[PDB]
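In structure tokens, one chain follows: the form deposited in one PDB entry.
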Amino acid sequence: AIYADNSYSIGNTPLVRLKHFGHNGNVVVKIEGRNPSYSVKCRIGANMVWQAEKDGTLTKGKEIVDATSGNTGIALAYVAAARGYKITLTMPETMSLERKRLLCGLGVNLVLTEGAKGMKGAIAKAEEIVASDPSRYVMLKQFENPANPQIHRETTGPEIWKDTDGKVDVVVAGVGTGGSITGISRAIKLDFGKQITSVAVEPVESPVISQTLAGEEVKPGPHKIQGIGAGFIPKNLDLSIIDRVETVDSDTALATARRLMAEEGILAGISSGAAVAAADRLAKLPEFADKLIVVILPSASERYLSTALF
């Protein structure tokens, strides 16, 4: 069909079988880079806006505000542009020129916050703008907004089910907001009734899900796996449906993403390398020898040209 605007075109991303990972082709990857603004977040940027429309919290002339300049910020920016909303994004002044350029290109009103305050300062400024005129501004809250996992239950999950003819046995996904693994797992286990293994992936540098589930002190840390390892348990991570948690280190995530590019011709982002590294570890366990492992690849390589990836 013909999509009425770019937001409706989300999803329907392909599955590709890996040749240099897994055992006898048991690892398949879902390419979320193939989306309106080239990441998995396109789905949630679309659905958070759509749901805010449906529930009346977002109306014509109201303005979106957020403190993300990562994939979610980019996603919200294309959706705002596609649907005629003004959007303000806050971010530390020390964010890259490429990212400022991208966001400005999409028509975002960028508000640069004090470098020394980091993300905390950007978040406080966003909250400040909203509080200044609550009837004018809407903050969509990707870590807690149920529209995030819901779109994965409605689209991402069913796509995996359909494209594997119900043969999927394991889903492996890095956790940022938790929305992907949560929605996918709800779709497959609850809507399609299949008892799969749901595998959350987090950085070994900030293994807060592992520490939490073990009853150990939660000690977040810095890492380079952009998009995952938020340093807390997000509301959109449904721990009830998580079967296993795999930790992967930043160097290995980067090396793996580089291998995806050079050995598979898949232009994967950093966190995609993390998810595949975790999946390859499971794929080479005899217990998973005859099992179909589907891995989410959240983003694409060109978004990382200025990073350690290249």
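Note that residue numbering begins at 1 and tracks the sequence as displayed. Just so we're on the same page, rigid core means the largest C-alpha set that superposes within 1.5 Å between forms.
One more form of this protein exists, namely the form deposited in another entry; it is left out here, but the text below deals with it.
Just one of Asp238, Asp169, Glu93, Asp163 has a C-alpha that shifts by 2 Å or more between this form and the one not shown on a rigid core fit; which is it?
The one that shifts is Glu93.
Using the core for the fit, does the CA position of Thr197 change by 2 Å or more between this form and the one not shown?
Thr197 C-alpha, core-superposed: shift of less than 2 Å.
Is_shifted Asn145 between this form and the one not shown (CA, 2 Å cut-off, rigid core)
The answer is no, as the C-alpha of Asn145 shifts between this form and the one not shown by less than 2 Å after core alignment.
Taking the rigid core as the reference frame, tell me whether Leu112 has a CA displacement of 2 angstroms or more between this form and the one not shown.
Passes the 2 Å threshold, so yes.
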